[PDB]
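Take a look at the structure below.
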4 protein chains.
Amino acid sequence: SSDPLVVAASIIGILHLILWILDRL
Amino acid sequence: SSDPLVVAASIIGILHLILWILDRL
Amino acid sequence: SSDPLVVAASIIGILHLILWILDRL
Amino acid sequence: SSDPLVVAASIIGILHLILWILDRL
Ligand SMILES: CCCCCCCC/C=C/CCCCCCCC(=O)OC[C@@H](O)CO
Ligand SMILES: CCCCCCCC/C=C/CCCCCCCC(=O)OC[C@@H](O)CO
Ligand SMILES: CCCCCCCC/C=C/CCCCCCCC(=O)OC[C@@H](O)CO
Ligand SMILES: CCCCCCCC/C=C/CCCCCCCC(=O)OC[C@@H](O)CO
Ligand SMILES: CCCCCCCC/C=C/CCCCCCCC(=O)OC[C@@H](O)CO
Ligand SMILES: CCCCCCCC/C=C/CCCCCCCC(=O)OC[C@@H](O)CO
Ligand SMILES: CCCCCCCC/C=C/CCCCCCCC(=O)OC[C@@H](O)CO
Ligand SMILES: CCCCCCCC/C=C/CCCCCCCC(=O)OC[C@@H](O)CO
Ligand SMILES: [Ca+2]
Ligand SMILES: [Cl-]
């Protein structure tokens with residue numbers, strides 16, 4: 001388990017990457 | 001809970017993203 | 001130890017960086 | 001505490017940001 005803030009950052013970073021890729025596709 | 005260094009990195013990454021977005025808005 | 005989602009994000013971020021560098025080299 | 005791989009990713013990400021900023025300064 002992780003600090004909730006670290007969980008939140010991790011979700012944000014993954015979503016960031018997915019959106020960036022979709023934007024380029 | 002997380003290593004303090006991981007907490008720090010997570011805060012930095014979120015702030016990074018917020019600043020980048022504000023810069024573009 | 002970390003939340004599995006944080007582990008996954010960390011692996012993704014490292015791979016992201018490695019691919020970006022290889023792309024530029 | 002965190003998974004060592006998460007610690008490593010966090011260090012890499014911070015160093016990444018510091019290098020990127022120094023490169024731009
Ligand atoms: C298109 C807009 C996209 C915006 C993405 C950037 C969003 C930035 C906002 C981040 C909010 C983080 C929410 C964080 C929510 C969890 C905070 C918490 O309760 O921490 C407690 C622990 O420390 C206890 O150990
Ligand atoms: C260019 C923008 C790219 C980012 C787009 C993101 C859009 C949606 C924003 C995502 C923020 C989701 C943060 C969600 C973070 C939830 C943290 C959590 O797990 O709650 C606490 C538990 O750990 C138990 O205490
Ligand atoms: C506009 C400038 C923006 C600069 C952003 C980049 C900043 C880079 C500096 C990072 C400082 C990280 C602070 C880290 C502070 C926590 C360190 C710690 O005590 O770790 C102990 C644990 O390992 C025990 O398990
Ligand atoms: C382009 C620059 C984008 C980044 C801008 C960032 C500006 C502000 C810098 C943020 C650094 C905040 C790091 C703060 C990290 C605090 C770590 C902590 O939580 O203390 C230890 C506890 O976990 C308990 O031991
Ligand atoms: C070239 C394409 C590259 C795509 C990279 C982006 C991929 C985005 C997808 C992310 C999938 C994340 C998998 C996450 C797998 C672990 C989820 C989990 O079981 O969490 C449980 C814990 O919360 C219990 O505490
Ligand atoms: C521009 C694309 C850059 C990203 C390319 C990534 C391509 C490959 C995708 C990587 C996703 C790997 C996620 C793998 C995450 C595994 C999480 C895990 O460790 O399982 C659970 C355990 O913690 C125990 O419960
Ligand atoms: C200028 C080049 C910059 C390259 C930056 C990218 C480097 C990519 C390489 C990453 C190596 C990660 C090292 C990771 C070292 C810790 C691995 C580990 O022992 O994990 C065990 C835990 O899972 C047990 O729970
Ligand atoms: C554009 C390149 C930007 C990245 C430049 C990075 C250059 C230096 C590379 C950094 C990799 C450092 C990874 C160091 C990761 C150490 C993980 C660790 O803490 O060991 C295990 C403990 O947690 C206890 O088991
Ligand atoms: Ca932990
Ligand atoms: Cl963690």
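Just so you know, ligand 1 is whichever comes first in the structure, and atom 1 is the first atom listed for that ligand. Both backbone and side-chain heavy atoms feed into the values below; hydrogens, waters and symmetry mates do not. Proteins come first, then strands; the chains are lettered A, B, ... in the order of their sequence lines, and each starts at number 1.
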Common cluster, [X]/[Y], ILVMFWY with side-chain heavy-atom separation under 4.5 Å:
X	Y	answer
C:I12	A:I21	yes
B:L15	A:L15	yes
B:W20	B:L25	yes

Option whose closest heavy atom lies nearest to atom 4 (C) of ligand 4, chosen from B:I18, D:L17, B:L17, B:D23: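 Checking each option, the heavy atom nearest atom 4 (C) of ligand 4 is found in D:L17.
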No waters, cut-off 3.0 Å: how many protein N, O or S atoms are close to the Ca ion (ligand 9)?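 Count of protein N, O, S atoms less than 3.0 Å from the Ca ion (ligand 9): 4.
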Top protein contact for [atom], by heavy-atom distance:
atom	value
atom 24 (C) of ligand 4	B:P4 CG, 4.2 Å
atom 19 (O) of ligand 4	B:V7 CG1, 3.5 Å
atom 10 (C) of ligand 4	B:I12 CG1, 3.6 Å
atom 7 (C) of ligand 4	B:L15 CD1, 4.4 Å
atom 3 (C) of ligand 4	B:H16 CA, 3.6 Å

Can you tell if the side chain of [X] reaches within under 4.5 Å of the side chain of [Y], non-hydrogen atoms only?
X	Y	answer
D:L5	C:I14	yes
C:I11	C:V7	yes
A:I18	A:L22	yes

Strictly distance-based, threshold 3.5 Å: is any side-chain N or O of B:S2 a donor or acceptor partner for the main-chain N or O of A:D3?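 Checked: pair present.
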Structural part of B:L19 in contact with ligand 4, heavy atom criterion under 4.0 angstrom: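 Within the 4.0 Å criterion, B:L19 contacts ligand 4 through side-chain atoms alone.
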